[PDB]
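Peer 1: This is work19.cif, which holds mmCIF, C-alpha atoms:
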data_final
loop_
_atom_site.group_PDB
_atom_site.id
_atom_site.type_symbol
_atom_site.label_atom_id
_atom_site.label_comp_id
_atom_site.auth_asym_id
_atom_site.auth_seq_id
_atom_site.Cartn_x
_atom_site.Cartn_y
_atom_site.Cartn_z
ATOM 1 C CA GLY A 1 0.000 0.000 0.000
ATOM 2 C CA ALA A 2 3.003 2.220 0.573
ATOM 3 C CA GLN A 3 3.880 1.632 -3.079
ATOM 4 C CA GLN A 4 0.219 2.031 -4.089
ATOM 5 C CA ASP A 5 0.503 5.493 -2.504
ATOM 6 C CA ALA A 6 3.946 6.293 -3.884
ATOM 7 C CA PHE A 7 2.711 7.748 -7.180
ATOM 8 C CA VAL A 8 -0.056 9.820 -5.577
ATOM 9 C CA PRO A 9 1.876 13.123 -5.156
ATOM 10 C CA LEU A 10 3.087 12.888 -8.770
ATOM 11 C CA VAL A 11 -0.422 12.098 -10.081
ATOM 12 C CA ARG A 12 -1.823 14.886 -7.913
ATOM 13 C CA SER A 13 0.538 17.429 -9.504
ATOM 14 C CA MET A 14 -0.477 16.303 -13.006
ATOM 15 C CA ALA A 15 -4.124 16.547 -11.921
ATOM 16 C CA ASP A 16 -3.540 20.138 -10.729
ATOM 17 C CA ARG A 17 -1.947 20.920 -14.100
ATOM 18 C CA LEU A 18 -4.817 19.262 -15.942
ATOM 19 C CA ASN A 19 -7.332 21.426 -14.086
ATOM 20 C CA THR A 20 -5.975 24.640 -15.649
ATOM 21 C CA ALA A 21 -7.612 23.344 -18.876
ATOM 22 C CA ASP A 22 -11.001 24.439 -17.501
ATOM 23 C CA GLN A 23 -9.853 28.049 -17.243
ATOM 24 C CA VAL A 24 -7.923 28.025 -20.531
ATOM 25 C CA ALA A 25 -11.068 26.692 -22.266
ATOM 26 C CA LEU A 26 -13.100 29.580 -20.795
ATOM 27 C CA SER A 27 -10.594 32.116 -22.087
ATOM 28 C CA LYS A 28 -10.595 30.571 -25.556
ATOM 29 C CA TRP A 29 -14.404 30.497 -25.486
ATOM 30 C CA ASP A 30 -14.381 34.257 -24.769
ATOM 31 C CA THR A 31 -11.702 35.201 -27.325
ATOM 32 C CA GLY A 32 -12.212 32.603 -30.045
ATOM 33 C CA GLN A 33 -8.545 31.620 -29.982
ATOM 34 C CA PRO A 34 -7.883 28.037 -31.148
ATOM 35 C CA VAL A 35 -7.018 25.254 -28.719
ATOM 36 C CA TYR A 36 -3.877 24.257 -30.615
ATOM 37 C CA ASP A 37 -0.897 26.635 -30.890
ATOM 38 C CA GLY A 38 2.099 24.850 -32.366
ATOM 39 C CA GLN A 39 4.664 27.507 -31.495
ATOM 40 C CA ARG A 40 3.586 27.952 -27.872
ATOM 41 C CA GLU A 41 3.319 24.177 -27.317
ATOM 42 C CA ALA A 42 6.823 23.646 -28.679
ATOM 43 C CA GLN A 43 8.257 26.247 -26.286
ATOM 44 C CA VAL A 44 6.407 24.613 -23.380
ATOM 45 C CA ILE A 45 7.985 21.283 -24.232
ATOM 46 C CA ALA A 46 11.446 22.755 -24.898
ATOM 47 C CA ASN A 47 11.379 24.545 -21.522
ATOM 48 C CA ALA A 48 10.731 21.172 -19.868
ATOM 49 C CA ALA A 49 13.694 19.727 -21.739
ATOM 50 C CA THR A 50 15.966 22.559 -20.556
ATOM 51 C CA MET A 51 15.039 22.109 -16.885
ATOM 52 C CA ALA A 52 15.132 18.292 -16.934
ATOM 53 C CA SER A 53 18.727 17.873 -15.752
ATOM 54 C CA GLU A 54 18.079 19.938 -12.616
ATOM 55 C CA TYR A 55 15.949 16.973 -11.394
ATOM 56 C CA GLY A 56 18.005 14.012 -12.659
ATOM 57 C CA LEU A 57 15.730 13.596 -15.694
ATOM 58 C CA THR A 58 16.897 12.962 -19.232
ATOM 59 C CA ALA A 59 15.795 15.440 -21.852
ATOM 60 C CA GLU A 60 13.861 12.744 -23.698
ATOM 61 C CA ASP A 61 12.001 11.748 -20.518
ATOM 62 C CA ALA A 62 10.849 15.300 -19.736
ATOM 63 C CA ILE A 63 9.794 15.834 -23.364
ATOM 64 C CA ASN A 64 7.633 12.701 -23.309
ATOM 65 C CA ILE A 65 6.087 13.622 -19.954
ATOM 66 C CA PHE A 66 5.247 17.179 -20.901
ATOM 67 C CA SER A 67 4.061 16.273 -24.403
ATOM 68 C CA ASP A 68 1.696 13.973 -22.520
ATOM 69 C CA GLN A 69 0.698 16.871 -20.239
ATOM 70 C CA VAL A 70 -0.125 19.214 -23.093
ATOM 71 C CA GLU A 71 -2.126 16.555 -24.986
ATOM 72 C CA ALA A 72 -4.179 15.722 -21.897
ATOM 73 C CA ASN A 73 -4.832 19.436 -21.418
ATOM 74 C CA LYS A 74 -6.020 19.820 -25.023
ATOM 75 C CA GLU A 75 -8.234 16.714 -24.591
ATOM 76 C CA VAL A 76 -10.119 18.527 -21.844
ATOM 77 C CA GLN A 77 -10.200 21.852 -23.702
ATOM 78 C CA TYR A 78 -11.602 20.409 -26.936
ATOM 79 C CA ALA A 79 -14.285 18.436 -25.072
ATOM 80 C CA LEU A 80 -15.366 21.351 -22.876
ATOM 81 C CA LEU A 81 -15.532 23.781 -25.795
ATOM 82 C CA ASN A 82 -17.699 21.445 -27.834
ATOM 83 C CA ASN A 83 -19.859 20.678 -24.796
ATOM 84 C CA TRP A 84 -20.438 24.424 -24.441
ATOM 85 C CA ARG A 85 -20.949 24.853 -28.189
ATOM 86 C CA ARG A 86 -23.751 22.254 -28.088
ATOM 87 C CA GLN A 87 -25.510 24.057 -25.207
ATOM 88 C CA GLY A 88 -24.953 27.593 -26.510
ATOM 89 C CA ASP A 89 -23.118 28.949 -23.457
ATOM 90 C CA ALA A 90 -20.147 28.304 -21.162
ATOM 91 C CA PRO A 91 -20.246 28.386 -17.335
ATOM 92 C CA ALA A 92 -20.239 31.818 -15.681
ATOM 93 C CA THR A 93 -17.119 30.938 -13.650
ATOM 94 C CA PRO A 94 -14.938 34.045 -13.121
ATOM 95 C CA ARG A 95 -12.015 34.071 -15.532
ATOM 96 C CA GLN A 96 -8.457 33.965 -14.191
ATOM 97 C CA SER A 97 -5.810 35.928 -16.109
ATOM 98 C CA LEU A 98 -3.889 33.563 -18.396
ATOM 99 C CA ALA A 99 -0.611 35.472 -18.046
ATOM 100 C CA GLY A 100 -1.139 36.683 -14.476
ATOM 101 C CA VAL A 101 -2.633 33.597 -12.826
ATOM 102 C CA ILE A 102 -2.545 30.497 -15.043
ATOM 103 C CA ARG A 103 1.035 30.909 -16.312
ATOM 104 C CA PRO A 104 2.624 31.073 -12.806
ATOM 105 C CA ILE A 105 0.563 28.012 -11.800
ATOM 106 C CA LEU A 106 1.872 26.065 -14.806
ATOM 107 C CA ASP A 107 5.441 27.206 -14.050
ATOM 108 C CA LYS A 108 5.313 26.044 -10.430
ATOM 109 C CA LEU A 109 3.775 22.733 -11.535
ATOM 110 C CA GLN A 110 6.539 22.105 -14.062
ATOM 111 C CA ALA A 111 8.938 22.084 -11.143
ATOM 112 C CA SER A 112 6.639 20.121 -8.823
ATOM 113 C CA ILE A 113 5.964 17.472 -11.481
ATOM 114 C CA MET A 114 9.691 17.099 -12.128
ATOM 115 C CA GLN A 115 10.438 17.051 -8.398
ATOM 116 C CA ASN A 116 7.822 14.317 -7.937
ATOM 117 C CA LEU A 117 9.127 12.347 -10.942
ATOM 118 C CA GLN A 118 12.585 12.381 -9.394
ATOM 119 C CA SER A 119 11.180 11.334 -6.012
ATOM 120 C CA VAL A 120 9.433 8.286 -7.512
ATOM 121 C CA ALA A 121 12.270 7.381 -9.950
ATOM 122 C CA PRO A 122 12.922 3.986 -8.276
ATOM 123 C CA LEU A 123 9.398 2.646 -8.891
ATOM 124 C CA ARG A 124 9.074 3.790 -12.512
ATOM 125 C CA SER A 125 10.521 0.526 -13.881
ATOM 126 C CA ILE A 126 8.918 -1.761 -11.270
ATOM 127 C CA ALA A 127 6.856 -4.658 -12.605
ATOM 128 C CA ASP A 128 3.493 -3.478 -11.282
ATOM 129 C CA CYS A 129 4.082 0.151 -12.240
ATOM 130 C CA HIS A 130 1.048 0.258 -14.560
ATOM 131 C CA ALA A 131 -1.314 -1.055 -11.872
ATOM 132 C CA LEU A 132 0.053 1.352 -9.252
ATOM 133 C CA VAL A 133 -0.258 4.396 -11.520
ATOM 134 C CA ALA A 134 -3.804 3.387 -12.531
ATOM 135 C CA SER A 135 -4.695 3.030 -8.838
ATOM 136 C CA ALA A 136 -3.142 6.428 -8.038
ATOM 137 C CA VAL A 137 -5.255 8.009 -10.768
ATOM 138 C CA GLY A 138 -8.293 6.370 -9.216
ATOM 139 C CA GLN A 139 -7.426 7.662 -5.751
ATOM 140 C CA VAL A 140 -6.728 11.196 -6.972
ATOM 141 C CA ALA A 141 -9.924 11.271 -9.024
ATOM 142 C CA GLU A 142 -11.913 10.167 -5.960
ATOM 143 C CA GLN A 143 -10.117 12.684 -3.669
ATOM 144 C CA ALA A 144 -10.584 15.532 -6.127
ATOM 145 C CA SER A 145 -14.082 14.485 -7.314
ATOM 146 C CA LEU A 146 -12.841 14.590 -10.928
ATOM 147 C CA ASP A 147 -15.545 13.719 -13.448
ATOM 148 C CA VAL A 148 -15.244 11.098 -16.198
ATOM 149 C CA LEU A 149 -13.732 13.531 -18.726
ATOM 150 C CA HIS A 150 -11.021 14.697 -16.333
ATOM 151 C CA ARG A 151 -10.188 11.178 -15.146
ATOM 152 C CA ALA A 152 -9.900 10.020 -18.762
ATOM 153 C CA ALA A 153 -7.503 12.875 -19.467
ATOM 154 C CA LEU A 154 -5.615 12.199 -16.235
ATOM 155 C CA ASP A 155 -5.086 8.663 -17.605
ATOM 156 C CA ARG A 156 -3.683 10.337 -20.741
ATOM 157 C CA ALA A 157 -1.363 12.549 -18.686
ATOM 158 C CA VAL A 158 0.216 9.686 -16.669
ATOM 159 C CA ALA A 159 0.830 7.691 -19.869
ATOM 160 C CA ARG A 160 4.621 7.485 -19.609
ATOM 161 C CA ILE A 161 5.362 7.645 -15.899
ATOM 162 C CA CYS A 162 6.030 3.915 -16.172
ATOM 163 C CA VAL A 163 9.063 3.043 -18.292
ATOM 164 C CA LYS A 164 10.185 -0.464 -19.269
ATOM 165 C CA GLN B 1 -29.172 18.523 -42.655
ATOM 166 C CA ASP B 2 -25.851 19.110 -40.913
ATOM 167 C CA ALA B 3 -23.338 18.714 -43.753
ATOM 168 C CA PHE B 4 -20.597 17.487 -41.394
ATOM 169 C CA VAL B 5 -22.473 14.383 -40.126
ATOM 170 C CA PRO B 6 -21.086 11.916 -42.754
ATOM 171 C CA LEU B 7 -17.503 13.057 -42.022
ATOM 172 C CA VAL B 8 -17.984 12.831 -38.249
ATOM 173 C CA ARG B 9 -19.550 9.365 -38.662
ATOM 174 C CA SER B 10 -16.456 8.129 -40.515
ATOM 175 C CA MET B 11 -14.273 9.604 -37.761
ATOM 176 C CA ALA B 12 -16.415 7.846 -35.145
ATOM 177 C CA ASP B 13 -16.034 4.575 -37.029
ATOM 178 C CA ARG B 14 -12.258 4.973 -36.931
ATOM 179 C CA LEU B 15 -12.282 6.083 -33.304
ATOM 180 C CA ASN B 16 -14.257 3.049 -32.196
ATOM 181 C CA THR B 17 -11.511 0.681 -33.364
ATOM 182 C CA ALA B 18 -9.725 1.857 -30.197
ATOM 183 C CA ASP B 19 -11.769 -0.570 -28.113
ATOM 184 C CA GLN B 20 -10.318 -3.536 -30.010
ATOM 185 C CA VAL B 21 -6.768 -2.152 -30.189
ATOM 186 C CA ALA B 22 -6.845 -1.547 -26.435
ATOM 187 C CA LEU B 23 -7.834 -5.185 -25.894
ATOM 188 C CA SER B 24 -4.896 -6.290 -28.045
ATOM 189 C CA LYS B 25 -2.472 -4.213 -26.006
ATOM 190 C CA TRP B 26 -3.949 -5.528 -22.775
ATOM 191 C CA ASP B 27 -3.136 -9.052 -24.022
ATOM 192 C CA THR B 28 0.334 -8.333 -25.432
ATOM 193 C CA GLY B 29 1.606 -5.644 -23.059
ATOM 194 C CA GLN B 30 2.723 -3.487 -25.973
ATOM 195 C CA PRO B 31 2.523 0.265 -25.202
ATOM 196 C CA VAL B 32 -0.264 2.442 -26.510
ATOM 197 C CA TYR B 33 2.304 4.719 -28.126
ATOM 198 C CA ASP B 34 4.402 3.246 -30.930
ATOM 199 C CA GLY B 35 6.396 6.113 -32.411
ATOM 200 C CA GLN B 36 7.375 4.504 -35.698
ATOM 201 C CA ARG B 37 3.951 2.885 -36.191
ATOM 202 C CA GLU B 38 2.209 6.232 -35.640
ATOM 203 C CA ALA B 39 4.642 8.035 -37.937
ATOM 204 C CA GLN B 40 3.790 5.502 -40.671
ATOM 205 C CA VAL B 41 0.018 5.984 -40.230
ATOM 206 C CA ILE B 42 0.527 9.708 -40.673
ATOM 207 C CA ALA B 43 2.852 9.213 -43.668
ATOM 208 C CA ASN B 44 0.245 6.958 -45.278
ATOM 209 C CA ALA B 45 -2.288 9.780 -45.033
ATOM 210 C CA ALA B 46 0.178 12.261 -46.519
ATOM 211 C CA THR B 47 0.727 9.830 -49.397
ATOM 212 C CA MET B 48 -2.978 9.671 -50.189
ATOM 213 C CA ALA B 49 -3.818 13.368 -49.535
ATOM 214 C CA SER B 50 -3.649 14.588 -53.136
ATOM 215 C CA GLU B 51 -5.952 11.807 -54.390
ATOM 216 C CA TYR B 52 -8.714 13.610 -52.429
ATOM 217 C CA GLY B 53 -7.515 17.123 -53.311
ATOM 218 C CA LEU B 54 -6.124 17.636 -49.804
ATOM 219 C CA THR B 55 -2.829 19.300 -48.992
ATOM 220 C CA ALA B 56 -0.294 17.061 -47.304
ATOM 221 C CA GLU B 57 -0.305 19.382 -44.288
ATOM 222 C CA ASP B 58 -4.089 19.181 -43.951
ATOM 223 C CA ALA B 59 -4.072 15.382 -44.196
ATOM 224 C CA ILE B 60 -1.240 15.236 -41.667
ATOM 225 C CA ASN B 61 -3.145 17.424 -39.186
ATOM 226 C CA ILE B 62 -6.428 15.508 -39.564
ATOM 227 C CA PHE B 63 -4.804 12.109 -39.079
ATOM 228 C CA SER B 64 -2.573 13.360 -36.286
ATOM 229 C CA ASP B 65 -5.858 14.274 -34.609
ATOM 230 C CA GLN B 66 -7.295 10.837 -35.418
ATOM 231 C CA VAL B 67 -4.355 9.000 -33.826
ATOM 232 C CA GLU B 68 -4.362 11.220 -30.747
ATOM 233 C CA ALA B 69 -8.096 10.645 -30.253
ATOM 234 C CA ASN B 70 -7.588 6.883 -30.585
ATOM 235 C CA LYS B 71 -4.802 6.882 -27.978
ATOM 236 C CA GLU B 72 -6.988 8.911 -25.606
ATOM 237 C CA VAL B 73 -9.601 6.148 -25.663
ATOM 238 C CA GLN B 74 -6.988 3.379 -25.356
ATOM 239 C CA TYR B 75 -5.254 4.942 -22.332
ATOM 240 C CA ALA B 76 -8.492 5.446 -20.421
ATOM 241 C CA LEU B 77 -9.838 1.963 -21.245
ATOM 242 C CA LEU B 78 -6.601 0.280 -20.182
ATOM 243 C CA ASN B 79 -6.524 2.123 -16.882
ATOM 244 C CA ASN B 80 -10.231 1.486 -16.293
ATOM 245 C CA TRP B 81 -9.547 -2.224 -16.804
ATOM 246 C CA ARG B 82 -6.553 -2.154 -14.467
ATOM 247 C CA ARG B 83 -8.589 -0.393 -11.772
ATOM 248 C CA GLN B 84 -11.434 -2.904 -12.251
ATOM 249 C CA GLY B 85 -8.892 -5.736 -12.329
ATOM 250 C CA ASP B 86 -9.624 -7.286 -15.737
ATOM 251 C CA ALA B 87 -10.418 -6.485 -19.353
ATOM 252 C CA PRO B 88 -13.770 -7.333 -20.998
ATOM 253 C CA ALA B 89 -14.125 -10.923 -22.196
ATOM 254 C CA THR B 90 -14.905 -9.644 -25.719
ATOM 255 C CA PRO B 91 -13.451 -11.690 -28.603
ATOM 256 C CA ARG B 92 -10.379 -10.087 -30.143
ATOM 257 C CA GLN B 93 -10.456 -9.415 -33.881
ATOM 258 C CA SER B 94 -7.109 -9.917 -35.586
ATOM 259 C CA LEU B 95 -5.006 -6.883 -36.433
ATOM 260 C CA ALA B 96 -4.000 -8.206 -39.862
ATOM 261 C CA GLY B 97 -7.391 -9.652 -40.801
ATOM 262 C CA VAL B 98 -9.771 -7.002 -39.462
ATOM 263 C CA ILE B 99 -8.358 -3.918 -37.698
ATOM 264 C CA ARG B 100 -5.701 -2.795 -40.187
ATOM 265 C CA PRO B 101 -7.938 -3.296 -43.285
ATOM 266 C CA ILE B 102 -10.803 -1.409 -41.573
ATOM 267 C CA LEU B 103 -8.470 1.462 -40.736
ATOM 268 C CA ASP B 104 -7.190 1.461 -44.334
ATOM 269 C CA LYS B 105 -10.710 1.692 -45.745
ATOM 270 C CA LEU B 106 -11.668 4.400 -43.209
ATOM 271 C CA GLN B 107 -8.701 6.554 -44.233
ATOM 272 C CA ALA B 108 -10.245 6.721 -47.710
ATOM 273 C CA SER B 109 -13.748 7.260 -46.271
ATOM 274 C CA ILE B 110 -12.593 10.139 -44.067
ATOM 275 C CA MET B 111 -10.682 11.754 -46.927
ATOM 276 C CA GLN B 112 -13.572 11.402 -49.366
ATOM 277 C CA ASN B 113 -15.920 13.009 -46.841
ATOM 278 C CA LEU B 114 -13.415 15.821 -46.188
ATOM 279 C CA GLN B 115 -13.149 16.504 -49.902
ATOM 280 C CA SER B 116 -16.939 16.649 -50.347
ATOM 281 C CA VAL B 117 -17.298 19.363 -47.677
ATOM 282 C CA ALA B 118 -14.139 21.320 -48.625
ATOM 283 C CA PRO B 119 -16.055 24.573 -49.382
ATOM 284 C CA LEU B 120 -17.741 24.458 -45.974
ATOM 285 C CA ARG B 121 -14.663 23.970 -43.785
ATOM 286 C CA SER B 122 -13.983 27.697 -43.683
ATOM 287 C CA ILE B 123 -17.518 29.071 -43.184
ATOM 288 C CA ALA B 124 -18.254 30.972 -39.980
ATOM 289 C CA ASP B 125 -20.690 28.447 -38.535
ATOM 290 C CA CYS B 126 -18.348 25.480 -39.070
ATOM 291 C CA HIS B 127 -17.544 24.998 -35.361
ATOM 292 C CA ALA B 128 -21.219 24.908 -34.365
ATOM 293 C CA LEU B 129 -22.099 22.501 -37.182
ATOM 294 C CA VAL B 130 -19.285 20.119 -36.267
ATOM 295 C CA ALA B 131 -20.155 20.217 -32.554
ATOM 296 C CA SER B 132 -23.796 19.420 -33.275
ATOM 297 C CA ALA B 133 -22.664 16.629 -35.591
ATOM 298 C CA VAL B 134 -20.559 15.103 -32.782
ATOM 299 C CA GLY B 135 -23.559 15.077 -30.438
ATOM 300 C CA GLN B 136 -25.864 13.522 -33.003
ATOM 301 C CA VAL B 137 -23.365 10.766 -33.886
ATOM 302 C CA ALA B 138 -22.626 10.034 -30.228
ATOM 303 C CA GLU B 139 -26.307 9.539 -29.384
ATOM 304 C CA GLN B 140 -27.006 7.422 -32.477
ATOM 305 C CA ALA B 141 -23.979 5.122 -31.923
ATOM 306 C CA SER B 142 -24.182 4.874 -28.100
ATOM 307 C CA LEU B 143 -20.890 6.629 -27.370
ATOM 308 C CA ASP B 144 -20.329 7.199 -23.658
ATOM 309 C CA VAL B 145 -18.621 10.280 -22.183
ATOM 310 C CA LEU B 146 -15.149 8.891 -22.923
ATOM 311 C CA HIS B 147 -15.931 8.151 -26.569
ATOM 312 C CA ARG B 148 -17.703 11.468 -27.187
ATOM 313 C CA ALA B 149 -14.813 13.444 -25.635
ATOM 314 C CA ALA B 150 -12.332 11.707 -27.909
ATOM 315 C CA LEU B 151 -14.622 12.268 -30.877
ATOM 316 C CA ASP B 152 -14.465 15.981 -30.008
ATOM 317 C CA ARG B 153 -10.674 15.528 -30.129
ATOM 318 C CA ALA B 154 -10.816 13.811 -33.557
ATOM 319 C CA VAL B 155 -12.892 16.590 -35.235
ATOM 320 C CA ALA B 156 -10.529 19.272 -33.866
ATOM 321 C CA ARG B 157 -9.294 20.653 -37.184
ATOM 322 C CA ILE B 158 -12.122 20.069 -39.588
ATOM 323 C CA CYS B 159 -12.821 23.791 -39.349
ATOM 324 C CA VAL B 160 -9.959 25.857 -40.771
ATOM 325 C CA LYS B 161 -9.936 29.679 -40.713
#
Would you mind writing the structure in this file as structure tokens?

Peer 2:
Amino acid sequence: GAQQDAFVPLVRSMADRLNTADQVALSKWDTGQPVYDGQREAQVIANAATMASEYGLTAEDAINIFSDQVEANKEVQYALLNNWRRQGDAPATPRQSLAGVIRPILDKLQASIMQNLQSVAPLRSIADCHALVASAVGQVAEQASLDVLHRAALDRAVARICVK
Amino acid sequence: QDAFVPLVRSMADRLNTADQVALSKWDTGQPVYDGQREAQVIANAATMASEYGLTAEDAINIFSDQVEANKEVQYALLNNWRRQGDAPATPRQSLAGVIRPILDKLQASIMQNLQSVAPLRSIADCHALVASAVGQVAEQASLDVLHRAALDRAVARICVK
């Protein structure tokens, strides 16, 4: 059970990162900006690569992990936007500044995700890694009352925690 | 009379092969992500693009979105099954006999449907029409929340400014 808990702080940090998708979707609903931005996504992933060595990660590992993070985030954004498009309106949740609020959150979580990856480095090649990660996603989704969409995209985000 | 329904239906048909592929990977332990296999699926679409009047870049984007949507379903299914503790007892269709030929035929179906609605992909109401098409197809084909969300991912770049 100690092992079954060991991935929970890492999965929690990815879940916190995933949840910014709700506020980025709102902003893109207001402005009409597209979900995908190739240039910005490439800089996000390259930044991860640059910081990887500070946490004992290889550049390729960080790239895979954060490519997974940005794809899970887009999964949520595309689904929310089309959900709202089908109803004709988006929730009235107050919008948080993308540059002033969401960007610092994503910056802190880049470090916390990498710090957590480093902390759990021993168990990433363990035989039951897939089962443990899947259980951690279950626990975090229960704790955080994530809905089906967000749990599905959390499963996308944790895709390459486990490595052969 | 939502002109994007046929196209979204062919994308849903391709998407729903994820259930069988996920079962195969449960059995074999192969990862969801195969870099060289995915690159070849995308290259195959680039090869066929001009036959349907599509640019290579447009075909690449559309089928990049198809493969990402398929992986989204596979990852969630596999982790659902792990959390449950087993995969469905469904018979597995063979990759060489059934899955790969289906996917090959659906590439052509998707591209033919894209070509037929080319003039509409840039009209102002395209996003709304595609969204309504996704909802219609999901109800008619019994797609749950996971499969509808990934269908929203697949249709991502039908509309082009």

Peer 1: Would you pick out the contacts of region 51-53 of chain A at 12 Å or less, using only C-alpha atoms, so that residues sharing its chain but fewer than 3 positions from it are not included, and give the list as a PyMOL selection string?

Peer 2: chain A and resi 44-48+56-66+107+110-115+117-118

Peer 1: Taking all atoms listed in the file into account, which residues of chain A are within 7 Å of chain B, as a compact mmCIF listing (two decimals) with C-alpha atoms, keeping the file's coordinate frame?

Peer 2:
# COMPACT_ATOMS: atom_id res chain seq x y z
CA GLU A 75 -8.23 16.71 -24.59
CA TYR A 78 -11.60 20.41 -26.94
CA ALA A 79 -14.28 18.44 -25.07
CA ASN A 82 -17.70 21.44 -27.83
CA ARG A 85 -20.95 24.85 -28.19
CA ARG A 86 -23.75 22.25 -28.09
CA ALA A 131 -1.31 -1.06 -11.87
CA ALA A 134 -3.80 3.39 -12.53
CA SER A 135 -4.70 3.03 -8.84
CA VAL A 148 -15.24 11.10 -16.20
CA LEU A 149 -13.73 13.53 -18.73
CA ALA A 152 -9.90 10.02 -18.76
CA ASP A 155 -5.09 8.66 -17.60
CA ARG A 156 -3.68 10.34 -20.74

Peer 1: Could you please determine the separation between CA of residue 159 (chain A) and CA of residue 60 (chain B) in Å, to one decimal place?

Peer 2: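 For CA of residue 159 (chain A) relative to CA of residue 60 (chain B), the distance reads 23.2 Å.
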
Peer 1: Hey, can you pull every residue with an atom no more than 9 Å from (-5.1, 17.1, -23.4), using only C-alpha atoms, and send it as a PyMOL selection string?

Peer 2: (chain A and resi 18+21+68-78+153-154+156-157) or (chain B and resi 72+153)

Peer 1: Translate the PyMOL selection byres ((chain B and resi 43) around 12) into a concrete residue list for this structure, as a ChimeraX atom specification.

Peer 2: /B:36-42,44-49,56-57,59-64,107

Peer 1: Using all atoms listed in the file, which protein or nucleic acid residues come within 10 Å of residue 137 (chain B)? Drop anything in the same chain fewer than 4 positions from it, and give the result as a ChimeraX atom specification.

Peer 2: /B:5-6,8-12,132-133,141-143,148,151

Peer 1: Quick one: residues within 10 Å of (6.9, 0.3, -10.5) (file frame), counting all atoms listed in the file, please, as a list in words.

Peer 2: residues 3, 4, 6, 7, 120, 121, 122, 123, 124, 125, 126, 127, 128, 129, 130, 131, 132, 133, 161, 162, 163 and 164 of chain A

Peer 1: Would you mind listing what lies within 9 Å of residue 99 (chain B) as JSON, numbers by chain, with only C-alpha atoms counted and same-chain residues fewer than 5 positions away left out?

Peer 2: {"B": [17, 20, 21, 93, 94, 104]}

Peer 1: Enumerate, as a ChimeraX atom specification, the residues matched when the PyMOL selection byres ((chain A and resi 90) around 10) is run on the file above.

Peer 2: /A:25-26,29-30,80-89,91-93

Peer 1: Separation of CA of residue 119 (chain A) and CA of residue 136 (chain A), in Å?

Peer 2: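 Between CA of residue 119 (chain A) and CA of residue 136 (chain A) the gap works out to 15.3 Å.
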
Peer 1: Which value, in Å to one decimal, gives the distance between CA of residue 8 (chain A) and CA of residue 137 (chain A)?

Peer 2: 7.6 Å

Peer 1: Applying the PyMOL selection byres ((chain B and resi 52) around 10) to the file I just gave you, which residues come out? Please list them as a ChimeraX atom specification.

Peer 2: /B:48-51,53-55,59,108,110-116

Peer 1: First collect every listed atom of region 46-52 of chain B; then fit an axis-aligned box around them, widen it by 8 Å on each side, and give centre and edge lengths in Å to one decimal, as lines of an AutoDock Vina configuration file.

Peer 2:
center_x = -4.0
center_y = 12.1
center_z = -50.5
size_x = 25.4
size_y = 20.9
size_z = 23.9

Peer 1: Let me make sure I understand: among A:24, A:40, A:2, A:14, which one has the smallest atom-to-atom distance to residue 101 (chain A) if we use only C-alpha atoms?

Peer 2: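 Between A:24, A:40, A:2, A:14, the residue approaching residue 101 (chain A) most closely is A:24.
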